[PDB]
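So the structure is just underneath, and the comments pick up after that.
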There are 2 protein chains.
Amino acid sequence: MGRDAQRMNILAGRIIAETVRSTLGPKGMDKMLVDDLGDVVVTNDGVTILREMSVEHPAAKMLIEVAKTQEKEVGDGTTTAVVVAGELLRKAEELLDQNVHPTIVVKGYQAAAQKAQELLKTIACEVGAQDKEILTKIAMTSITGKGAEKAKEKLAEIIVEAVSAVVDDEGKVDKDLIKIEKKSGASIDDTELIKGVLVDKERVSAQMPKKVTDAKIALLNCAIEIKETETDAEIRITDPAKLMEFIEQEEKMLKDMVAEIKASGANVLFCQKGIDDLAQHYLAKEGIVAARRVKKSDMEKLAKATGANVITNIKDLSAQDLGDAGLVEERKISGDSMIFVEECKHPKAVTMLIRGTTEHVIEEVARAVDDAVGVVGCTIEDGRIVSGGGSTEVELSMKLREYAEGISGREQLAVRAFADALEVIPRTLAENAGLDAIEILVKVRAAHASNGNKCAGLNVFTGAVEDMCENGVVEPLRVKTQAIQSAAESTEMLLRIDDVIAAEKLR
Amino acid sequence: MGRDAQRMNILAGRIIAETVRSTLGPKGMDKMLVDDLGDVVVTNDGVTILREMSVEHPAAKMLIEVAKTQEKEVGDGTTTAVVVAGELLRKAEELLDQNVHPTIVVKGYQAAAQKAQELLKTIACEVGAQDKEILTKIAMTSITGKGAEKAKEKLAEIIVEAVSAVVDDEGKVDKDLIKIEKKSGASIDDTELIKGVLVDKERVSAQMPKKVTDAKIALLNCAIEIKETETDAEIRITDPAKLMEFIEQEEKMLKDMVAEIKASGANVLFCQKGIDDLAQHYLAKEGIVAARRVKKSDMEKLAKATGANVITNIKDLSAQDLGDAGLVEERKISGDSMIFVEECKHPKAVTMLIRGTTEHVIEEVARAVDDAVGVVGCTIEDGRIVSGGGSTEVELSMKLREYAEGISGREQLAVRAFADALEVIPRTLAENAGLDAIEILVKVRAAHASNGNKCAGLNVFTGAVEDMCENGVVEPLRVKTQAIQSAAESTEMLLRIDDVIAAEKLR
Ligand SMILES: Nc1ncnc2c1ncn2[C@@H]1O[C@H](COP(=O)(O)OP(=O)(O)OP(=O)(O)O)[C@@H](O)[C@H]1O
Ligand SMILES: Nc1ncnc2c1ncn2[C@@H]1O[C@H](COP(=O)(O)OP(=O)(O)OP(=O)(O)O)[C@@H](O)[C@H]1O
């Protein structure tokens, strides 16, 4: 009973752990996912693989739940954590044949995790905020498995210039709002960096100007038209010449309503609903930008950038509820028509537009930008950049072997197993090649046996061995520490189960 | 797992790739397609075969989706692209037996594609816009598998004279609107080239003239009859002698309404709906062409050709909303009756009418005209006409073999395989014959081993070997480059799959 239900839980986890094994290197194979209706999709990363997966077995759920909590942190060390956890489980499964029972292995892993975390903090350097040439290599190496055939130089010079705006001034809080729009076009690969406001909404009546200098943005909500809500106090009619007079008065009231806004100092009108065609001419004889259908996601970016308040009615508008803009234009680019408002006041956030050919290419960039800025915000606030490319694990493996010699007991085999399991990263990063096999792992192991030589690792774009800091691979340390912590926490939630029962009571 | 799900994806693609293998040469067999209701159709091309096909397998869908995106470009290199992709897959399947795993083959294909594209741009010539005898051979060779028993001389002298109208003047933008009507007749094969407007609508009252000199076309929409819409403001009646007087006035108003149009300068009436029989006599005493039921597809060709606007009402017609025509006639040709308007003003587009015997012959021409003009618009704008008939692949195969000798490694076998796979076109073009077998491929291979001799290829109308530019085969280069690009892009979406999973979540 103790050994029957224990091996099944490990076998059920090793199947889902080795699924994202091939989707780890920069030049790895993708995954084709089909559905019952007939939706064939292609996924190259490993985050989407863990979501759309048959979680019918209880063992194939806790690991995914743990990985989802770690992916929402930095979003980079998700697949490697699952690979390390699977390697640890496979290494610990063989150690159960000596009849020692799972207990000392957990203590050994807990003792080795602290040593690894202490050693990782001593193999890094100090990166200040006055650098610039160092902050671009991390952005260049962040886009490898997504699509290096078009994103390797153009997408590495516009992210650093866009993020470095409020992070260098305040190195603590830099929570921005970055929105990526999924739209196609006709070009190969075009990247636009809008330094203003982007509105994704067209019109139907092209009878309004689209070039106003130093215009002012005025945010107006509802309660503007004649009928939009309801009225509890009902009214009555007496003479037929009174209703027509009231209608004419309510129609002419719009003239003075627009004149008041013009005299207050505003030339841009942003309404939540739609603007009637009869209210356009009144906005054309005075030079006021007419717009309609403003999404809340696009409207919330106007109060913190231009500087204006909202009006719940129509008679609550004065002079302090106005903003300031630069140039509002409506160009037809990439098929659809979008509104560009340039020169605001406080350039906090930024907008990035990607134009490709079909429809699956732009989406491929949608999962690449969010994973490219996340490695930047954790760089200025920290600065413990280590040597990426599978060099930290090999360096820690040579230290754990000599550190485990100072202790006596059955806990040394656990530390040795944890140290040997760290060599799975170079075996997976070199499996995608044909001229690597196993000689690369033997050559990179005896190279770090001297005094120095630490930045050397492995690159799949050459074949030989060289330094990683001189090429352009500078993976941070947080993405490794969080991955190691997740792997050490997930490997203990399965060995401490042993038996499994069932019940008919909810919760 | 890695080799089990990989071979099945290739075997599922090789079945659908070799289906359109026989439908490639000019004298190949057709395909009989049946349905569940009992619809037996015959298809000779390969574009329709990819559409009406059981796409129940996930592997037999991505290739069709890629081919559909390439067919909408020039519409000529669709079947050959699928054949090349299937040949590449079959050649790469055998290379997986040496335990190399798919990675270096993709790099070899990517390196060979650029070399092939660079070599294709150096084996062409320069074709200017002052030529005329060269622009007819491409149109003559464009109709081979459709029906060369009646289309080889008559259909090769009316396409060049119809396209060469606005392309020679502006060699950049030549987007026209060509419409092919599917109508039968009684003759063997008749081709009419209307240099005006063609309306496919008859009448019921043959009481109007059909021969007016220098008539003017006036476009009038609805809002003409007494009742066609609705009225919100209801009316009442007081005396019985008032409703009859109003009806008589509204009936007599048509007289002055037609008199105003006659005095404005118009003799042709084109209405969207139908014209009542009582409104015909008023159009007969003044010499005005009466017509009814005008389709939007036939009405949109009147504003850009004759030069006239539309009227949403009836009282908005003056003098500037009129056009100009030449001769409007209604002849009964090929059974049905059609309206011919000759001598317009701006002959932008053109109309082609095909008359056959039964009903499946004319449709056979319907899939031949669209594939005959598409190879012309890409000729004047480009001009890199190469030697067609399966001569570019044999020429590039002799160059790739000597180009792959300058590199060392496992990538040479991929380039050699890609070069050997290009010899499938001459084997498929010679399989339809009996006296070809394999000696033709051996004879055409050692012929290009000297200095010159490049225009020589293969013709199925003789048996021996000779030049292709002197016969009448001048296939352009764009249809080959796009096909090679599609074949290189489709062969990489299957080898990078390896494993395949499933899920129960939508999208
Ligand atoms: N040129 C390179 N040389 C060495 N290693 C590289 C190189 N490029 C990328 N890598 C490695 O690839 C890893 C990233 O792989 P990829 O972006 O394909 O998926 P991932 O981001 O690891 O997926 P997940 O975020 O789900 O873990 C990095 O950890 C990095 O060490
Ligand atoms: N007289 C000829 N000599 C040599 N080759 C010819 C001759 N006539 C046609 N061909 C070849 O036949 C091919 C066209 O075949 P066909 O028109 O039957 O189908 P297709 O247009 O290739 O179909 P798809 O457009 O789906 O690819 C051309 O690529 C051309 O090279």
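Bear in mind these aren't lab numbers, they're just calculated from the coordinates by the rules spelled out. Neighbour counts are summed over all protein chains in view; Cβ atoms, including those assigned to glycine, are modelled from backbone coordinates with ideal geometry.
Observations
- When each of A:90, A:496, A:355 is scored by the number of other beta-carbon atoms lying within 10 Å, the sequence from fewest to most is A:496, A:90, A:355.
- Distant-in-sequence amide H partners of residue B:195 (H built 1.01 Å from N, under 5 Å): none
- ³J(HN,Hα) computed for each position of region B:237-252 - Karplus, 6.51 cos²θ - 1.76 cosθ + 1.60, integer Hz, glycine/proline x: 10, 10, 10, x, 7, 8, 5, 5, 5, 5, 5, 5, 5, 5, 6, 6
- Proximal charge balance of residue A:495 [Cβ under 14 Å; K/R count +1, D/E count -1]: +1
- Applying 1/(1 + (r/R0)^6) with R0 = 25 Å to the Cβ-Cβ distance of residue B:327 and residue B:201 gives a FRET efficiency near 0.90.
- Counting only alpha carbon atoms, the long axis of helix B:411-421 and the longest principal axis of chain B meet at about 60°.
- Taking only Cα atoms of region A:332-466, radius of gyration then Dmax in Å: 22.8, 73
- Taken about its Cα centre, region A:412-462 carries a charge dipole of roughly 200 debye when the Cβ of each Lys and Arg holds +1 and the Cβ of each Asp and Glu holds -1.
- Cα centroid separation - region B:187-235 against region A:1-76, whole Å: 66 Å
- Using the Karplus relation 6.51 cos²θ - 1.76 cosθ + 1.60 with θ = phi - 60°, the per-residue 3J(HN,Hα) values for region A:184-196 come to 8, x, 8, 6, 6, 7, 10, 10, 10, 10, 7, 9, x Hz, with x marking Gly and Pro.
- Candidate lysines - alpha carbon under 18 Å from residue A:132, same-chain residues fewer than 8 apart omitted: A:152, A:154
- A viscosity of 1.306 mPa s and a temperature of 10 °C, combined with the Kirkwood radius over C-alpha pairs in the Stokes-Einstein formula, give chain B a diffusion coefficient of 58 µm²/s.
- Taken over the Cα atoms of region B:297-391, the convex hull encloses 179 Å³ per residue.
- Cross-link partners for residue A:216 among the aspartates and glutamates, with Cα-Cα distance under 15 Å and sequence neighbours closer than 8 places in the same chain left out: A:260, A:286, A:321, A:324, A:329, A:342, A:343.
- 0 to 90° range, to nearest 10: angle between helix B:79-95 axis and chain B longest Cα axis: 30 degrees
- Mean-position separation - Cα centroids, region A:462-507 and region B:393-440, in angstrom: 49 Å
- Nearest-20 debye value, chain A charge dipole, Cβ charges on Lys, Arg, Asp, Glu: 500 debye
- Here the chain A residue lying nearest the rotation axis onto B, judged by its C-beta and given with the distance in whole angstrom, is A:36, 30.
- Between amide H atoms placed 1.01 Å from N, distances below 5 Å from residue A:293 occur with A:271, A:273, A:274, A:275, all of them 5 or more places distant or on a separate chain.
- Neighbour counts of other Cβ atoms within 10 Å put B:381, B:230 in the fewest-to-most order B:230, B:381.
- Separation of the residue B:450 and residue B:44 label points, Cα + 7 Å toward Cβ, nm: 3.7 nm
- Cβ-derived FRET efficiency at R0 35 Å, residue A:502 paired with residue A:95, nearest 0.05: 0.75
- In terms of surrounding Cβ atoms within a 10 Å radius of their Cβ, B:109, B:282 rank from fewest to most as B:282, B:109.
- Rounded if a/c under 1.5, otherwise prolate or oblate - the protein assembly as shown, Cα gyration tensor axes: oblate
- Of every Cα-Cα pair in region B:351-417, the percent that sits beyond 19 Å: 63 percent
- At 7 Å out from Cα toward Cβ: residue B:358 inter-copy label distances (nm, ascending): 3.9
- Eligible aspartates and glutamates near residue A:443 by straight Cα distance, threshold 12 Å, same-chain separation 8 or greater: A:466
- Measuring against 26 Å, Cα to Cα, the residue pairs A:61/B:505; B:146/B:345; A:146/B:399; A:211/B:315; B:27/B:179; A:68/A:146 contain B:146/B:345; A:146/B:399; A:211/B:315; B:27/B:179 as the ones spanning a longer distance.
- Three-way shape call for region A:1-55 based on the alpha-carbon gyration tensor, with the a/c threshold at 1.5: oblate
- Global geometry of region A:1-141, whether rounded, prolate or oblate, following the gyration tensor of its Cα atoms and the 1.5 cut on a/c: oblate
- Other copies of residue B:313: label-to-label distances in nm, shortest first, labels 7 Å along the beta-carbon direction: 4.0
- At 7 Å out from Cα toward Cβ: residue A:331 inter-copy label distances (nm, ascending): 5.3
- Amide H contacts of residue B:456: B:468, each under 5 Å away and 5 or more positions distant or on a separate chain (H built 1.01 Å from N in the peptide plane; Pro and chain starts excluded).
- Computed from point charges on the beta carbon alone (+1 for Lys and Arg, -1 for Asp and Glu), the dipole magnitude for the protein assembly as shown about its Cα centre is near 980 Debye.
- Between helix A:478-490 and chain A there is an angle of about 60 degrees, using the helix long axis and the longest principal axis of the Cα atoms.
- 3J(HN,Hα) couplings calculated from phi for region B:198-209 with the Karplus curve 6.51 cos²θ - 1.76 cosθ + 1.60 (θ = phi - 60°) are, in sequence order, 10, 10, 9, 7, 9, 9, 9, 10, 8, 10, 10, x Hz; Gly and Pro show x.
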